[PDB]
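Only one structure is covered here, and it is reproduced in the block below.
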Amino acid sequence: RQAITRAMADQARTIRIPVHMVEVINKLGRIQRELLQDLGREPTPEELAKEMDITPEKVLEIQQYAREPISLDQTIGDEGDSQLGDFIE
Amino acid sequence: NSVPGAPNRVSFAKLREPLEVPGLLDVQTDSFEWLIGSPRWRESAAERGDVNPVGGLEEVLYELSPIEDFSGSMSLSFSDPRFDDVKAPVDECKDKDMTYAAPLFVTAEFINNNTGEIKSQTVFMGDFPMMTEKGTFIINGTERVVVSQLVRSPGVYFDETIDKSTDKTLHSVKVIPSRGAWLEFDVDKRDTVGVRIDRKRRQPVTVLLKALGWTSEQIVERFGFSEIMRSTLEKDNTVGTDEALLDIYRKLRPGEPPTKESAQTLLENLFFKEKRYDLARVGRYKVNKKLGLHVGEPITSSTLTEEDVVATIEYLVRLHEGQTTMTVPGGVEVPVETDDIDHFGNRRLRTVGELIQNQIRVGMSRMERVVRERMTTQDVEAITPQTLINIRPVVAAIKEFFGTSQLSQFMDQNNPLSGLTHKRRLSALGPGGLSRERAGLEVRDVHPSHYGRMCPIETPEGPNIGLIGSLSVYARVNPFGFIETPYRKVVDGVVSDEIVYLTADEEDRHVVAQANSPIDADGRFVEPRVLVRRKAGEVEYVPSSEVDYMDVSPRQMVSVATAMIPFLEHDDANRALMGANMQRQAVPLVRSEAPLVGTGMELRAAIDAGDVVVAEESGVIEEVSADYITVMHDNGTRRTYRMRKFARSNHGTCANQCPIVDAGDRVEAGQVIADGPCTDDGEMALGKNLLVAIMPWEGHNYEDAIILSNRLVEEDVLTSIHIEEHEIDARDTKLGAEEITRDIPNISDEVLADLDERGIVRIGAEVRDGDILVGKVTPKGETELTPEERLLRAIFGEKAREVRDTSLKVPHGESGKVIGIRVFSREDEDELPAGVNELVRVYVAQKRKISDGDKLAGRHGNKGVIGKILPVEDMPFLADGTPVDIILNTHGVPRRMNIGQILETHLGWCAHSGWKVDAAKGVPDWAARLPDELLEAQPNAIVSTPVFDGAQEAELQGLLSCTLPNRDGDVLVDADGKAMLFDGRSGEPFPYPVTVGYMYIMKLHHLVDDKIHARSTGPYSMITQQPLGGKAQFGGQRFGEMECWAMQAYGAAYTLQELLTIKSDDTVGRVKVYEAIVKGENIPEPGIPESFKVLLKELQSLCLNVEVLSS
Amino acid sequence: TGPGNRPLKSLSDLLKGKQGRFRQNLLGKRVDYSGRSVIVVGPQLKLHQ
Amino acid sequence: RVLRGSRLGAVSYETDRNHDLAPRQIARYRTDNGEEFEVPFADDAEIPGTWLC
Amino acid sequence: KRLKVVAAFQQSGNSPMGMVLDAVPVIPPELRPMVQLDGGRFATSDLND
Amino acid sequence: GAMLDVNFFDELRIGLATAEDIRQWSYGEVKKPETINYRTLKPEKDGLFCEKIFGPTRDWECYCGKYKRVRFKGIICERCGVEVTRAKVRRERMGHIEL
Ligand SMILES: [Zn+2]
């Protein structure tokens, strides 16, 4: 299980993130889902910073680090003829 | 008629219809409250039988409950779907961009079988959107409309395609369920059977019946009468049940060890266990009515049965045998007949309740999977349905459906007719249904079952013809998802008044006469031979006794928007289609004047349009404003009605709501109290009434081009207010934060005059193209300076000013006033997306005049751009000095077969002038069928022709004969309908009389500024080095393939090289060409384009040594 | 595939099919120094105008 | 509606001066399996012995 | 049908040794770029996976 | 035979590539499955955007930042290991993977 979690930390993201940041992201997401169930709404970052005992700007930096990239090989149009990358100035 | 605020519009109605037009948004509202389980629905469906009314949510909960562990040792149940109140009002949602919704509370109940408890929590299931009283949904502030979707109903479908190489009819069957598995019982090319299941390519009946568990003798005693089945029974090659089961398991699961017991149960699970195979209640009703199985008992047990399977096979072998009818044992005999995939008995309509129900069912599927998961992994006697239920896939499913879907579209509202047209819309494309390109030609056509149900006129004329129609006026949706249709039933020749909602199959049971049937005012027909419609679309002259149904009115076939065209019966369907399709594309004028000539639909359609404030409760006016009317009810209470003034619609058009009553007025319930965008005095108004002539003038009205008078510019007769909303956000970054302020490095102070202390402009500031709206600057950081810039900053004493300015500049060709500023802030606790600090939106508005190039059209398909706006003097003007307003073309009229515009022109001059026929010798013979209070008419009086009961040739011409003069004794227009015009340019009279009159025309949303587009040097792409395209940018023009063909065909090789290289992809070439132009030098040699080098690098990347050689 | 079972664009997928490099190059290129508008009749003008 | 991005790389604009450059050295690096690589270093630069060629 | 491809390898200066592959090339990265958007939303080109 | 493609084209010969030619084309071996740092947003060494291999992203600026002028051109700084040049050779330069 250690080696498989090592692999899921290393080779599962296109931008490589070190393992401690991956684990605190996973902890943040687990706490976010659990407080979504219990609180009934999506939590505020100040509440999550209260929960994981860090600062809200640290929460925002973790949220910035948690965003996975997107592909340029889907069509924005419902009629599919133009790639998404055909609109980038 | 019979609406208390209706203005006196006079009709030509010869026939008095009993049925009135229903509440046209019932197709949305009743479906949605069916899904809710409103008490309104609860009583209403119970008023037509329906001993057990079940809501859609109630149906999903009952078909899901109970949930069970694999052991059978504990169970979960749901109960009591109840709604809360909404979380915000409508206008507050629409302003603050919150979606309009209401929470769900569901009483769950967990039971341990091992010890025995109930666990009754009240589960917050999640937010749930609500249909507004306009029949729409508001999502994230945007306003969306769910489109109704046609699919084929689940059931048993029958056909044959005879093989021309074989000359044998090949009868086939697709037993299609909902959410199930395929099975088809064909007849092969040989004398065998095609019992292929879920595409497993090859099966006889014997493997299925011994797989069912019949003996050969049990096959014999039912199937006794065909050499077909006897040949297949001698092609059995496997006798014994378990051998057939393992053969099925082999052919179904290959790559799997066989077991004989699970093979019988998996087959029992795949077709009879109703948790993985669920043809609906409608599918069960369709099959049971098709084979006469449950003729005396209501619908349950939504899976199949072996009785139904053997009845299917027997019907198949008799239909491949040739029979007329057959009774199954225990069943009423059904006629041996095949099936259509286009008749409306087979093609149901998934409404919005069906769609939301399916989305909630597929969300609860994943939620149920999670419940099955943590039923075992969690501990026992410590869990609770709070711990069990995760609501996230369900609420994600709902949010995914209301967004990002084929069926969830924007409310297409440039005018309330297009609102009422995007509602009540039928689509055959989407998820579940057929796609566009895979679908053939036959479903695009019009079966005769469309009559009275789906309008055979109104459809888009693009690459969607036939796929998207609308409802008829009087159509209504069956609780089984079919399209029912009213009929006046006629008994013994006497027409009764029992209105009977008939659907498509029971239409074919009977035979139906028409609205233009002569009645003796006591029901009875006077013709012994009457027009009638037979089941296959046949028309006969019936002996006048067998008819059991008559139409409720005329125009029962037609849509709403198409029923707003006078003289429809004179126009061909092509230009009528074009006119009805453009009639949803009118724009709101600043005046909105009612037409002189119309139908009886303009009042009822506008009060059902939503965008007319209707007096809800009868009372008296207390105090008015331009923004609200305080009504004084007749018992106590008072009520305001907040007018929406200058609201932006979804396409830039305005949404003013002016009141139309005074302070002392007394109003009643159901009365119009405030006109909307395209309304006047209650009824519809999509344009203006203009004096028109039909001469060809100077080649300016060449081939549907239209000229105008300058008076339309002078009096603002065609003038719309366009409102455009711009947007910019303050966003976090690594280098700091985006800042909205006046400090905007490098720039004059004069261009910073209109903005406030913090960068945004103030209300009322006229902007041009390319000005500053939101003064906003971003941090950039430090790079090296070029030494020339270093010298210049050394000379001028300027700092670096390290921050970089990206202010919100207004784009090209857009100007006008600035009405309103809505601004959101993260620090002010507003909700914002992530990393965003301040979101400001600016309402920009302008008042566009009419202009040469604008697209105008009448109500008949006669469309066209504006050729030339002539001045007011150079105009063919009438003998009184009145100029004509617009001038159409003659040559476009006869070849387009649309003379309804000519009849509208004659009728419009008749209505403008006003008439009073002579009754000195009584009624003249032409005006006999013409009803009373029509013998006179005041000038500029509103009239109405109903669609298929309108003015005849005798009535129109005879009324045109007597057309009393205006101010002096001036009979301007003769009996023929023409008049003598004078040339405003030359001065001589025209040698021939010219057809004149008043036609009601429209202004369309295909304006010039919305289409003009040009670029010298703008933004490029990122991946390729091509110029970026689209009017949102500066944008380029696709020099396509046939263009390359044409310039090869001239042989202009150098210009082709120009266009392919140094305007597209020669990255080092573009700058040198721009430089050589500005220096005024020779245009240099075109280099190697980028798209070739990309291909070269990809071929080198694909392990292919591409070599380039000169010798 | 990737997210939501959409198959990944391979290297050979750049050249083949609808969005293939050959055909999309053969289809057309948007160009600079161009423009468009709706047209109206010009009945007084010369033929070479 | 318009969306833009940025390849994170600086685009400087000077002239391709072919004549006036900083003068430079060339160091011969050899790998294991008899392969020669010559790497252009600056004059004012210490030449490292080990190298990833 | 075999002599077609056999004489194809024979006549040219090719070698069937290159049919198997030992070193795989890599396309230049600007052809498959990872461009950021406004806010760090990255846009890969699906070859990088 | 001209890869710089100066306008005298006559033929276009497609040919199968040897592994010798493949390693002849490349300017380095990528050997780490990295793209870019999440934090500093600069490309990683031995990755799929490696400026040591593929080239500089900043016009005439090396990775370590020792040299930042166009007069410094056609040299390789000993620390960063990058050939300082114009930043469009990343359109042309290929890498390889020894398997
Ligand atoms: Zn460096």
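Every chain in the structure tokens has a letter given in the order shown (A, B, ...), and although residue numbers restart at 1 in each chain, ligands are simply numbered from 1 in the order shown.
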
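Residue list for chain A within 7 Å of chain B: residues 85, 86, 87, 88 and 89 of chain A, counting only C-alpha atoms.
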
Can those selected residues be exported to a file as a PDB file, in the first residue's frame so that it contains C-alpha atoms?
ATOM      1  CA  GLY A  85      -6.989  25.641 -28.484  1.00  0.00           C
ATOM      2  CA  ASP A  86      -8.328  27.509 -31.524  1.00  0.00           C
ATOM      3  CA  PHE A  87      -9.501  30.391 -29.322  1.00  0.00           C
ATOM      4  CA  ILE A  88      -6.368  31.241 -27.330  1.00  0.00           C
ATOM      5  CA  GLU A  89      -5.038  34.717 -27.976  1.00  0.00           C
TER       6      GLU A  89
END

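The contact shell of ligand 1, defined as all polymer residues within 7 Å when only C-alpha atoms and all ligand atoms are used, comprises residues 62, 63, 64, 65, 66, 67, 77, 79, 80, 81 and 82 of chain F.
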
Take the residues that were just selected and, keeping C-alpha atoms, output them as an mmCIF file, in the first residue's frame.
data_model
loop_
_atom_site.group_PDB
_atom_site.id
_atom_site.type_symbol
_atom_site.label_atom_id
_atom_site.label_comp_id
_atom_site.auth_asym_id
_atom_site.auth_seq_id
_atom_site.Cartn_x
_atom_site.Cartn_y
_atom_site.Cartn_z
ATOM 1 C CA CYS F 62 19.766 31.451 -19.897
ATOM 2 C CA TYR F 63 18.060 29.467 -17.159
ATOM 3 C CA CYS F 64 20.391 30.353 -14.294
ATOM 4 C CA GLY F 65 20.271 33.977 -15.388
ATOM 5 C CA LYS F 66 24.013 34.508 -15.672
ATOM 6 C CA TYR F 67 23.789 35.748 -19.253
ATOM 7 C CA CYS F 77 26.585 28.713 -19.412
ATOM 8 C CA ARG F 79 25.718 26.236 -14.483
ATOM 9 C CA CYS F 80 22.388 26.144 -16.317
ATOM 10 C CA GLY F 81 23.729 24.194 -19.275
ATOM 11 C CA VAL F 82 21.625 26.075 -21.824
#

Neighbour list for residue 247 of chain B as an MDAnalysis selection string, cut-off 12 Å, only C-alpha atoms, skip fewer than 5 positions in-chain: chainID B and resid 200 202:204 206:208 210:211 237:242 252:254 257:260 263:264

10 Å contacts from chain B to chain F using only C-alpha atoms, as a compact mmCIF listing (two decimals) with N, CA, C and O atoms, in the first residue's frame:
# COMPACT_ATOMS: atom_id res chain seq x y z
N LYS B 734 0.38 35.81 -8.87
CA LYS B 734 1.63 35.61 -8.16
C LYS B 734 2.32 36.94 -7.87
O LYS B 734 2.91 37.14 -6.81
N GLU B 784 14.40 43.09 -18.23
CA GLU B 784 15.44 44.02 -18.65
C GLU B 784 14.81 45.09 -19.53
O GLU B 784 13.82 44.85 -20.22
N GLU B 1085 9.70 38.49 -50.42
CA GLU B 1085 9.42 37.15 -50.89
C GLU B 1085 8.70 36.36 -49.80
O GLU B 1085 9.05 36.48 -48.63
N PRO B 1086 7.69 35.58 -50.15
CA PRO B 1086 6.98 34.80 -49.13
C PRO B 1086 7.79 33.60 -48.66
O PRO B 1086 8.16 32.73 -49.45
N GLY B 1087 8.02 33.54 -47.36
CA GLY B 1087 8.79 32.47 -46.77
C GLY B 1087 7.99 31.19 -46.65
O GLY B 1087 6.87 31.05 -47.15
N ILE B 1088 8.59 30.22 -45.96
CA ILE B 1088 7.99 28.91 -45.79
C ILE B 1088 6.93 29.00 -44.70
O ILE B 1088 7.23 29.51 -43.60
N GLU B 1090 4.20 28.16 -41.65
CA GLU B 1090 4.34 27.45 -40.39
C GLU B 1090 3.70 26.07 -40.44
O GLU B 1090 4.23 25.12 -39.85
N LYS B 1093 5.96 23.39 -41.70
CA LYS B 1093 7.02 23.02 -40.76
C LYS B 1093 6.48 22.19 -39.61
O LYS B 1093 7.19 21.31 -39.10
N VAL B 1094 5.23 22.42 -39.22
CA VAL B 1094 4.60 21.59 -38.19
C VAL B 1094 4.43 20.17 -38.70
O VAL B 1094 4.72 19.20 -37.99
N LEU B 1096 6.25 18.79 -41.00
CA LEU B 1096 7.59 18.24 -41.12
C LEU B 1096 8.11 17.74 -39.77
O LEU B 1096 8.68 16.65 -39.68
N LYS B 1097 7.89 18.52 -38.71
CA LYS B 1097 8.33 18.10 -37.39
C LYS B 1097 7.54 16.91 -36.88
O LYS B 1097 8.09 16.04 -36.20
N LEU B 1099 6.21 14.53 -38.80
CA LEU B 1099 6.67 13.36 -39.53
C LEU B 1099 8.05 12.93 -39.08
O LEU B 1099 8.37 11.73 -39.08
N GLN B 1100 8.90 13.88 -38.68
CA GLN B 1100 10.16 13.51 -38.07
C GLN B 1100 9.93 12.89 -36.70
O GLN B 1100 10.67 11.98 -36.29
N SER B 1101 8.89 13.33 -36.00
CA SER B 1101 8.58 12.76 -34.69
C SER B 1101 7.96 11.39 -34.83
O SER B 1101 7.93 10.61 -33.87
N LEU B 1102 7.45 11.07 -36.01
CA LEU B 1102 6.82 9.77 -36.20
C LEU B 1102 7.80 8.79 -36.84
O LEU B 1102 7.38 7.95 -37.64
N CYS B 1103 9.09 8.92 -36.54
CA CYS B 1103 10.15 7.99 -36.90
C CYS B 1103 10.32 7.85 -38.40
O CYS B 1103 10.71 6.79 -38.90
N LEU B 1104 10.01 8.91 -39.14
CA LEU B 1104 10.11 8.91 -40.59
C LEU B 1104 11.11 9.97 -41.00
O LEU B 1104 10.85 11.17 -40.82
N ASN B 1105 12.23 9.54 -41.54
CA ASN B 1105 13.25 10.47 -42.01
C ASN B 1105 12.74 11.11 -43.29
O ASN B 1105 12.80 10.52 -44.37
N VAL B 1106 12.24 12.33 -43.17
CA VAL B 1106 11.75 13.07 -44.32
C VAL B 1106 12.92 13.86 -44.87
O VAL B 1106 13.54 14.66 -44.16
N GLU B 1107 13.24 13.62 -46.13
CA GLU B 1107 14.37 14.26 -46.76
C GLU B 1107 13.89 15.30 -47.77
O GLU B 1107 12.93 15.09 -48.51
N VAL B 1108 14.59 16.43 -47.79
CA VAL B 1108 14.29 17.52 -48.72
C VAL B 1108 15.51 17.78 -49.60
O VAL B 1108 16.62 18.01 -49.10
N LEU B 1109 15.33 17.71 -50.91
CA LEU B 1109 16.44 17.69 -51.86
C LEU B 1109 16.17 18.63 -53.03
O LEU B 1109 15.03 18.75 -53.49
N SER B 1110 17.23 19.29 -53.50
CA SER B 1110 17.13 20.11 -54.70
C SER B 1110 17.72 19.39 -55.90
O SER B 1110 17.32 19.64 -57.05
N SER B 1111 18.69 18.52 -55.67
CA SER B 1111 19.34 17.78 -56.75
C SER B 1111 19.97 16.50 -56.21
O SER B 1111 21.16 16.48 -55.89

Within 10 Å of chain A: residues of chain C, using only C-alpha atoms, as number ranges by chain: C: 2-3, 6-9, 18-19

Just-selected residues, N, CA, C and O atoms written as a PDB file, in the first residue's frame:
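Wrote it out as part.pdb, contents follow:
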ATOM      1  N   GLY C   2      -9.094   9.503 -21.422  1.00  0.00           N
ATOM      2  CA  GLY C   2      -8.780  10.344 -20.298  1.00  0.00           C
ATOM      3  C   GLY C   2      -9.986  10.535 -19.408  1.00  0.00           C
ATOM      4  O   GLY C   2     -10.654   9.574 -19.017  1.00  0.00           O
ATOM      5  N   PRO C   3     -10.295  11.783 -19.078  1.00  0.00           N
ATOM      6  CA  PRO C   3     -11.447  12.054 -18.218  1.00  0.00           C
ATOM      7  C   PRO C   3     -12.767  11.885 -18.957  1.00  0.00           C
ATOM      8  O   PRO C   3     -13.012  12.472 -20.012  1.00  0.00           O
ATOM      9  N   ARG C   6     -13.177  10.004 -22.927  1.00  0.00           N
ATOM     10  CA  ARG C   6     -12.845  10.534 -24.235  1.00  0.00           C
ATOM     11  C   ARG C   6     -11.447  10.072 -24.628  1.00  0.00           C
ATOM     12  O   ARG C   6     -10.492  10.270 -23.875  1.00  0.00           O
ATOM     13  N   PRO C   7     -11.304   9.448 -25.803  1.00  0.00           N
ATOM     14  CA  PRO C   7     -10.008   8.869 -26.184  1.00  0.00           C
ATOM     15  C   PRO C   7      -8.960   9.919 -26.488  1.00  0.00           C
ATOM     16  O   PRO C   7      -9.269  10.987 -27.019  1.00  0.00           O
ATOM     17  N   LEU C   8      -7.717   9.614 -26.147  1.00  0.00           N
ATOM     18  CA  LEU C   8      -6.665  10.611 -26.204  1.00  0.00           C
ATOM     19  C   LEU C   8      -6.171  10.775 -27.631  1.00  0.00           C
ATOM     20  O   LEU C   8      -6.038   9.805 -28.380  1.00  0.00           O
ATOM     21  N   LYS C   9      -5.903  12.019 -28.007  1.00  0.00           N
ATOM     22  CA  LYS C   9      -5.361  12.298 -29.329  1.00  0.00           C
ATOM     23  C   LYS C   9      -3.924  11.814 -29.414  1.00  0.00           C
ATOM     24  O   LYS C   9      -3.043  12.343 -28.732  1.00  0.00           O
ATOM     25  N   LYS C  18     -10.803  13.872 -39.425  1.00  0.00           N
ATOM     26  CA  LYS C  18     -11.399  15.181 -39.680  1.00  0.00           C
ATOM     27  C   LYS C  18     -10.409  16.296 -39.398  1.00  0.00           C
ATOM     28  O   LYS C  18     -10.141  17.143 -40.257  1.00  0.00           O
ATOM     29  N   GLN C  19      -9.847  16.307 -38.197  1.00  0.00           N
ATOM     30  CA  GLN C  19      -8.899  17.331 -37.802  1.00  0.00           C
ATOM     31  C   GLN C  19      -7.471  17.005 -38.201  1.00  0.00           C
ATOM     32  O   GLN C  19      -6.542  17.569 -37.616  1.00  0.00           O
TER      33      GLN C  19
END

Which of chain D fall in strand (DSSP E), as a PDB file with N, CA and C atoms, in the first residue's frame:
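To be explicit, this is the file written out as states16.pdb:
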ATOM      1  N   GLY D   5      -4.173  33.311 -23.175  1.00  0.00           N
ATOM      2  CA  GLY D   5      -3.212  32.634 -22.334  1.00  0.00           C
ATOM      3  C   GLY D   5      -1.821  33.202 -22.545  1.00  0.00           C
ATOM      4  N   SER D   6      -0.851  32.539 -21.922  1.00  0.00           N
ATOM      5  CA  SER D   6       0.531  32.976 -22.047  1.00  0.00           C
ATOM      6  C   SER D   6       1.506  31.822 -21.867  1.00  0.00           C
ATOM      7  N   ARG D  24      34.141  33.442 -27.485  1.00  0.00           N
ATOM      8  CA  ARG D  24      33.789  32.224 -26.777  1.00  0.00           C
ATOM      9  C   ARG D  24      34.796  31.118 -27.029  1.00  0.00           C
ATOM     10  N   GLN D  25      34.783  30.132 -26.142  1.00  0.00           N
ATOM     11  CA  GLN D  25      35.668  28.985 -26.198  1.00  0.00           C
ATOM     12  C   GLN D  25      34.904  27.755 -26.660  1.00  0.00           C
ATOM     13  N   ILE D  26      35.648  26.711 -27.009  1.00  0.00           N
ATOM     14  CA  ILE D  26      35.083  25.421 -27.385  1.00  0.00           C
ATOM     15  C   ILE D  26      35.836  24.344 -26.621  1.00  0.00           C
ATOM     16  N   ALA D  27      35.104  23.523 -25.876  1.00  0.00           N
ATOM     17  CA  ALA D  27      35.695  22.460 -25.079  1.00  0.00           C
ATOM     18  C   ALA D  27      35.230  21.114 -25.607  1.00  0.00           C
ATOM     19  N   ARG D  28      36.173  20.197 -25.789  1.00  0.00           N
ATOM     20  CA  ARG D  28      35.882  18.869 -26.311  1.00  0.00           C
ATOM     21  C   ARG D  28      35.539  17.951 -25.148  1.00  0.00           C
ATOM     22  N   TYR D  29      34.331  17.420 -25.168  1.00  0.00           N
ATOM     23  CA  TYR D  29      33.884  16.445 -24.193  1.00  0.00           C
ATOM     24  C   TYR D  29      33.730  15.085 -24.848  1.00  0.00           C
ATOM     25  N   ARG D  30      34.188  14.059 -24.147  1.00  0.00           N
ATOM     26  CA  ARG D  30      34.119  12.698 -24.646  1.00  0.00           C
ATOM     27  C   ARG D  30      33.301  11.839 -23.695  1.00  0.00           C
ATOM     28  N   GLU D  36      32.449  12.041 -29.371  1.00  0.00           N
ATOM     29  CA  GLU D  36      33.025  13.360 -29.161  1.00  0.00           C
ATOM     30  C   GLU D  36      31.908  14.385 -29.204  1.00  0.00           C
ATOM     31  N   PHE D  37      31.928  15.309 -28.260  1.00  0.00           N
ATOM     32  CA  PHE D  37      31.020  16.438 -28.272  1.00  0.00           C
ATOM     33  C   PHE D  37      31.800  17.691 -27.926  1.00  0.00           C
ATOM     34  N   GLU D  38      31.570  18.741 -28.698  1.00  0.00           N
ATOM     35  CA  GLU D  38      32.249  19.999 -28.467  1.00  0.00           C
ATOM     36  C   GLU D  38      31.228  21.037 -28.046  1.00  0.00           C
ATOM     37  N   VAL D  39      31.428  21.585 -26.856  1.00  0.00           N
ATOM     38  CA  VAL D  39      30.436  22.443 -26.226  1.00  0.00           C
ATOM     39  C   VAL D  39      30.936  23.881 -26.220  1.00  0.00           C
ATOM     40  N   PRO D  40      30.185  24.817 -26.784  1.00  0.00           N
ATOM     41  CA  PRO D  40      30.614  26.218 -26.762  1.00  0.00           C
ATOM     42  C   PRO D  40      30.433  26.867 -25.404  1.00  0.00           C
ATOM     43  N   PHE D  41      31.534  27.088 -24.700  1.00  0.00           N
ATOM     44  CA  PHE D  41      31.522  27.850 -23.463  1.00  0.00           C
ATOM     45  C   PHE D  41      32.001  29.269 -23.721  1.00  0.00           C
ATOM     46  N   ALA D  42      31.723  30.141 -22.761  1.00  0.00           N
ATOM     47  CA  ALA D  42      32.246  31.495 -22.805  1.00  0.00           C
ATOM     48  C   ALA D  42      33.740  31.491 -22.515  1.00  0.00           C
TER      49      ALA D  42
END

Shell around residue 363 of chain B at 7 Å using only C-alpha atoms, local window under 3 positions removed, as a PyMOL selection string: chain B and resi 359-360+366-367+393-394+397

Residues of the last selection are to be written out with N, CA and C atoms, as a PDB file, in the first residue's frame.
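Result file follows (part.pdb):
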ATOM      1  N   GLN B 359     -33.109  12.006 -14.999  1.00  0.00           N
ATOM      2  CA  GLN B 359     -31.856  12.477 -14.419  1.00  0.00           C
ATOM      3  C   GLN B 359     -31.776  12.156 -12.933  1.00  0.00           C
ATOM      4  N   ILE B 360     -32.892  12.295 -12.222  1.00  0.00           N
ATOM      5  CA  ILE B 360     -32.907  11.949 -10.808  1.00  0.00           C
ATOM      6  C   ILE B 360     -32.777  10.445 -10.620  1.00  0.00           C
ATOM      7  N   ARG B 366     -26.306   5.988  -8.890  1.00  0.00           N
ATOM      8  CA  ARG B 366     -24.966   6.066  -8.318  1.00  0.00           C
ATOM      9  C   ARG B 366     -25.022   6.216  -6.806  1.00  0.00           C
ATOM     10  N   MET B 367     -26.004   6.976  -6.313  1.00  0.00           N
ATOM     11  CA  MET B 367     -26.210   7.094  -4.870  1.00  0.00           C
ATOM     12  C   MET B 367     -26.520   5.738  -4.241  1.00  0.00           C
ATOM     13  N   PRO B 393     -23.740  12.848  -5.855  1.00  0.00           N
ATOM     14  CA  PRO B 393     -23.934  12.509  -7.271  1.00  0.00           C
ATOM     15  C   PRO B 393     -25.288  12.961  -7.789  1.00  0.00           C
ATOM     16  N   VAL B 394     -26.284  13.023  -6.905  1.00  0.00           N
ATOM     17  CA  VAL B 394     -27.620  13.446  -7.311  1.00  0.00           C
ATOM     18  C   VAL B 394     -27.633  14.931  -7.636  1.00  0.00           C
ATOM     19  N   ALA B 397     -25.769  15.516 -10.760  1.00  0.00           N
ATOM     20  CA  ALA B 397     -26.545  15.125 -11.927  1.00  0.00           C
ATOM     21  C   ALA B 397     -27.533  16.211 -12.316  1.00  0.00           C
TER      22      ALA B 397
END

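For the atom pair formed by atom CA of residue 979 of chain B and atom CA of residue 698 of chain B, the distance is 19.2 Å, given to one decimal.
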
Within 9 Å of residue 86 of chain F using only C-alpha atoms, minus same-chain residues under 4 positions, as a VMD selection string: (chain D and resid 11 to 12) or (chain F and resid 55 to 61 70 73)

The selected residues should be written to file as a compact mmCIF listing (two decimals), in the first residue's frame (atoms: N, CA and C atoms).
# COMPACT_ATOMS: atom_id res chain seq x y z
N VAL D 11 9.71 37.27 -24.70
CA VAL D 11 9.94 37.53 -26.12
C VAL D 11 10.64 38.87 -26.25
N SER D 12 11.97 38.84 -26.34
CA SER D 12 12.72 40.07 -26.52
C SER D 12 12.97 40.33 -27.99
N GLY F 55 15.42 24.06 -25.21
CA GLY F 55 15.90 25.39 -25.49
C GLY F 55 15.32 26.44 -24.56
N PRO F 56 15.82 27.67 -24.67
CA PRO F 56 15.38 28.73 -23.75
C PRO F 56 13.98 29.21 -24.08
N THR F 57 13.24 29.59 -23.05
CA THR F 57 11.96 30.23 -23.28
C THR F 57 12.06 31.74 -23.32
N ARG F 58 13.13 32.31 -22.78
CA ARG F 58 13.33 33.75 -22.77
C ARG F 58 14.39 34.07 -23.80
N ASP F 59 14.08 35.00 -24.71
CA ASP F 59 14.97 35.38 -25.79
C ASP F 59 16.29 35.91 -25.27
N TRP F 60 17.34 35.13 -25.51
CA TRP F 60 18.71 35.41 -25.10
C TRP F 60 18.83 35.61 -23.59
N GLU F 61 18.19 34.72 -22.84
CA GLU F 61 18.37 34.65 -21.40
C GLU F 61 18.45 33.19 -20.98
N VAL F 70 22.02 39.54 -25.94
CA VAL F 70 22.04 38.96 -27.28
C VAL F 70 23.49 38.92 -27.75
N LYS F 73 25.74 35.05 -27.20
CA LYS F 73 24.95 34.18 -28.05
C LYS F 73 25.87 33.08 -28.56

Chain D residues near chain B (12 Å cut-off, only C-alpha atoms) as an MDAnalysis selection string: chainID D and resid 1:7 9:15

Residues near segment 891-903 of chain B, cut-off 6 Å, only C-alpha atoms, skip fewer than 3 positions along chain, as a VMD selection string: chain B and resid 567 570 to 572 906

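Separating atom CA of residue 951 of chain B from atom CA of residue 3 of chain B is a distance of 24.2 Å.
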